[PDB]
Amino acid sequence: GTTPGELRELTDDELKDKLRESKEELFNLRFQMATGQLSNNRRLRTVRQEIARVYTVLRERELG
RNA sequence: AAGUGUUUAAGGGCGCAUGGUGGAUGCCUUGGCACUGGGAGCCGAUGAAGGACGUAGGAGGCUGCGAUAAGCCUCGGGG
Ligand SMILES: [Mg+2]
Ligand SMILES: [Mg+2]
Ligand SMILES: [Mg+2]
Ligand SMILES: [Mg+2]
């Protein structure tokens, strides 16, 4: 839900915070999907792609 | 009285009319076969060729991808 653009003003530690918050979110809605009370399915994909985006930006910061 | 003499179809044959089965024939094609002209002529410890297992909101196969998993970023195209 957040463009990779506005992830470049965030430092390493707060990018890491964003990433762990997102991983916790993903665990929660994975449980909700398993128990049957998640109707919105595209939420899983968006959060999974957000995690991938956060790693991508971190690696780009490391290398250049 | 003597004599003559049609009609049987359990079933079978042949001809026709009507169907079934079967998948030939005709007419085709998301497939191939033989070449022509170019390109590129190597990939691999910066882990190859090729695979295993996984991966989509729902079971499998083919495809794509690899725990960042039908995808992630940047630059162009286009709509
Ligand atoms: Mg008869
Ligand atoms: Mg050589
Ligand atoms: Mg597969
Ligand atoms: Mg573009």
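Method information in the entry identifies cryo-EM as the source of the structure, with 3.05 Å recorded as the resolution.

Take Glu-50: it is sitting in helix α2 (residues 42–63). Sequence-distant contacts of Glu-50, that is, excluding residues within four places in its chain, are made with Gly-1, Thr-2, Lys-18 and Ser-22.

Compared with an ideal rise of 1.5 Å per residue, which puts 24 residues at 34 Å, helix α1 (residues 12–35) spans 35 Å between its outermost C-alpha atoms and is within 8% of the ideal. Of all the residues in α1, the buried ones are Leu-15, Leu-19, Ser-22, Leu-26 and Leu-29. Here the buried face of α1 lies against α2.

Below, the discussion takes up the packing of α1 against α2. Two elements in contact, α1 and α2, have axes separated by 9 Å at closest approach and are oriented at 155°. The orientation of α1 relative to α2 falls into the category roughly antiparallel. Crossing geometry of α1 relative to α2 is assigned as left-handed. Facing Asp-12, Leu-15, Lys-18, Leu-19, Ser-22, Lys-23, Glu-25, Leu-26, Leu-29, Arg-30 and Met-33 of α1, the residues of α2 in contact are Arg-43, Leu-44, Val-47, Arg-48, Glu-50, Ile-51, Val-54, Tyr-55, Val-57, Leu-58 and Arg-61.

As a matter of local geometry, RNA strand B sits amid 13 residues, with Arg-45, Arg-48, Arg-53, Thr-56 and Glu-60 nearest to it. At a separation of 2.7 Å, a phosphate oxygen of RNA strand B approaches a polar side-chain atom of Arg-45. Take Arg-48: an N or O atom from its side chain is 3.2 Å from a phosphate oxygen of RNA strand B. For the surface near RNA strand B, the class distribution of residues is four nonpolar, three polar and six charged.

Conventions we followed
- Residues numbered from 1 in each chain as written, not as in the entry; some residues may be left out.
- Chains lettered and ligands numbered in written order.
- Part of a larger assembly, values for the part shown.
- Heavy atoms only, no water.
- Helix = DSSP H or I, 4+ residues; strand = E, 2+ residues; numbered from the N terminus.
- Contact = heavy atoms within 4.5 Å.
- Expected span 1.5 Å × (residues − 1).
- Buried < 20%, exposed > 50% of the residue type's maximum accessible area, 1.4 Å probe, protein only.
- Axes fitted to C-alpha atoms, helices over the stretch in contact; angles between N-to-C directions.
- Parallel < 35°, antiparallel > 145°, perpendicular 65-115°, else oblique.
- Left-handed = near helix turned anticlockwise from the far one by under 90°.
- Near = heavy atom within 4 Å.
- Polar contact = N/O pair within 3.5 Å; in protein donor to acceptor, adjacent residues only side chain to side chain.
- Nonpolar A, V, L, I, M, F, W, Y, C, P; charged D, E, K, R; others polar.

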